[PDB]
Peer 1: 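Please read through the structure below; I'll follow up with questions.
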Amino acid sequence: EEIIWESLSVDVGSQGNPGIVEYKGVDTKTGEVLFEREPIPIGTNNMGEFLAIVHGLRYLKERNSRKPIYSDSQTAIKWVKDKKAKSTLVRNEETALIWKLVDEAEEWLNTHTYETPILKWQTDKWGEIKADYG
RNA sequence: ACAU
DNA sequence: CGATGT
Ligand SMILES: [K+]
Ligand SMILES: [K+]
Ligand SMILES: [K+]
Ligand SMILES: [Mn+2]
Ligand SMILES: [Mn+2]
């Protein structure tokens, strides 16, 4: 119904899918960029969306913030809930980096706790998420 | 079909 | 038009 403005919004950007992947997190209210991941040479849209949420969780936990996280990715929200990124991307030398980060994100989820609500950004009602790359 |  | 996902 209503946007929870006191929140963090995350999004992925890519050049190709699979292709170069990056992500960032922004204050939903102001658009201030709070974190930005250095581009990863080969990844998928969904792996980046997943890494972005998990980074948000870690960022908010480190700062003792109870703000929710918005993502527009049905897929990544489910992968975080499951603590398992069910990506189809081949594992090889050129995808080793993204797969390491994904494995490490799953590992963090399996060894830490959080109460952070992970919320679907309702693009059809609200427009593009504030972290979008345009 | 829906989410990207 | 292509791809990643539930
Ligand atoms: K964009
Ligand atoms: K979108
Ligand atoms: K499809
Ligand atoms: Mn997105
Ligand atoms: Mn976007």
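Hydrogens, waters and symmetry mates play no part in the numbers below; they use all other heavy atoms, side chains included. Order of the sequence lines sets the chain letters (A, B, ...), proteins ahead of strands, with each chain counted from 1.
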Peer 1: Tell me whether A:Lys100 is salt-bridged to A:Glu104, with the criterion being a basic N under 4.0 Å from an acidic carboxylate O.
Peer 2: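 Salt bridge present between A:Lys100 and A:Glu104.
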Peer 1: So, A:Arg91 and A:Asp103, do they make that salt bridge, N to O below 4.0 Å?
Peer 2: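 Salt bridge present between A:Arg91 and A:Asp103.
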Peer 1: Over how many whole Å does the gap from A:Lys125 atom NZ to B:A3 atom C1' extend?
Peer 2: 12 Å
Peer 1: Examine B:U4: is either OP1 or OP2 under 4.0 Å from a nitrogen or oxygen in the side chain of A:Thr123? Give yes or no.
Peer 2: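 Yes, A:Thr123 has a side-chain N/O under 4.0 Å of OP1/OP2 on B:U4.
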Peer 1: For C:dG5 and A:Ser87 - does any side-chain N or O of the residue sit under 4.0 Å from the phosphate oxygens OP1/OP2?
Peer 2: yes
Peer 1: Does anything in residues 75-82 of chain A come within less than 4.0 Å of DNA chain C? Heavy atoms only, and list the residues if so.
Peer 2: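 Contacts with DNA chain C under 4.0 Å: A:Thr75, A:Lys78, A:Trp79.
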Peer 1: Between B:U4, C:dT4, C:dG5, which one does the side chain of A:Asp72 approach most closely?
Peer 2: B:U4
Peer 1: A:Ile53 and A:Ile69: which non-hydrogen atoms are nearest, and at how many Å?
Peer 2: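 Scanning both residues completely, I find the closest heavy atoms to be O-CD1, 3.8 Å.
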Peer 1: Is the charged tip of A:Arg37 near the ring of A:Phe35: under 6.0 Å from the six-membered ring centre and within 45° of its axis?
Peer 2: no
Peer 1: C:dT4 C1' sits how many Å from A:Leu51 CG, rounded?
Peer 2: 14 Å
Peer 1: Please work out which of the three classes, parallel, tilted or perpendicular, describes the rings of A:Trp121 and A:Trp126, given edges at 30° and 60°.
Peer 2: perpendicular
Peer 1: I need the NZ-P distance between A:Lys120 and C:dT6, as an integer number of Å.
Peer 2: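 For the pair A:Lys120 NZ and C:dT6 P, the rounded distance is 15 Å.
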Peer 1: State whether A:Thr44 places a side-chain N or O below 4.0 Å from either non-bridging phosphate oxygen (OP1 or OP2) of C:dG5.
Peer 2: yes
Peer 1: With sequence neighbours excluded, what pairs up with A:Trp108 under the ring-ring contact (aromatic ring centres under 6.0 Å, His included) test?
Peer 2: A:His112
Peer 1: Whole angstroms only, please: what is the CD1-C1' distance between A:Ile129 and B:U4?
Peer 2: 11 Å
Peer 1: To the nearest Å, how far apart are A:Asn45 CG and B:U4 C1'?
Peer 2: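 Atom CG in A:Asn45 sits about 6 Å away from atom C1' in B:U4.
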Peer 1: For A:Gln15 and C:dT4, give me the distance from atom CD to atom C1', rounded to whole Å.
Peer 2: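 Whole-Å distance recorded here is 17 Å.
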Peer 1: Where do A:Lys67 and A:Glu6 come nearest, in terms of heavy atoms and distance?
Peer 2: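 Shortest heavy-atom contact: CG-O, 3.7 Å.
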Peer 1: If only side-chain N and O atoms of A:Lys86 are considered, is one of them under 4.0 Å from the OP1 or OP2 phosphate oxygen of C:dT4?
Peer 2: no
Peer 1: Atom CD of A:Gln74 to atom P of C:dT4: distance rounded to whole Å?
Peer 2: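 Distance, rounded to whole Å: 17 Å.
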Peer 1: Of the listed nucleotides (C:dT4, B:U4, C:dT6), which one gets closest to any side-chain atom of A:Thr88?
Peer 2: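 Out of C:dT4, B:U4, C:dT6, the nucleotide with an atom closest to A:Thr88's side chain is C:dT4.
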Peer 1: Write down the distance between OH (A:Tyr133) and P (B:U4), rounded to a whole number of angstrom.
Peer 2: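 Going from OH in A:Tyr133 over to P in B:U4 covers 17 Å.
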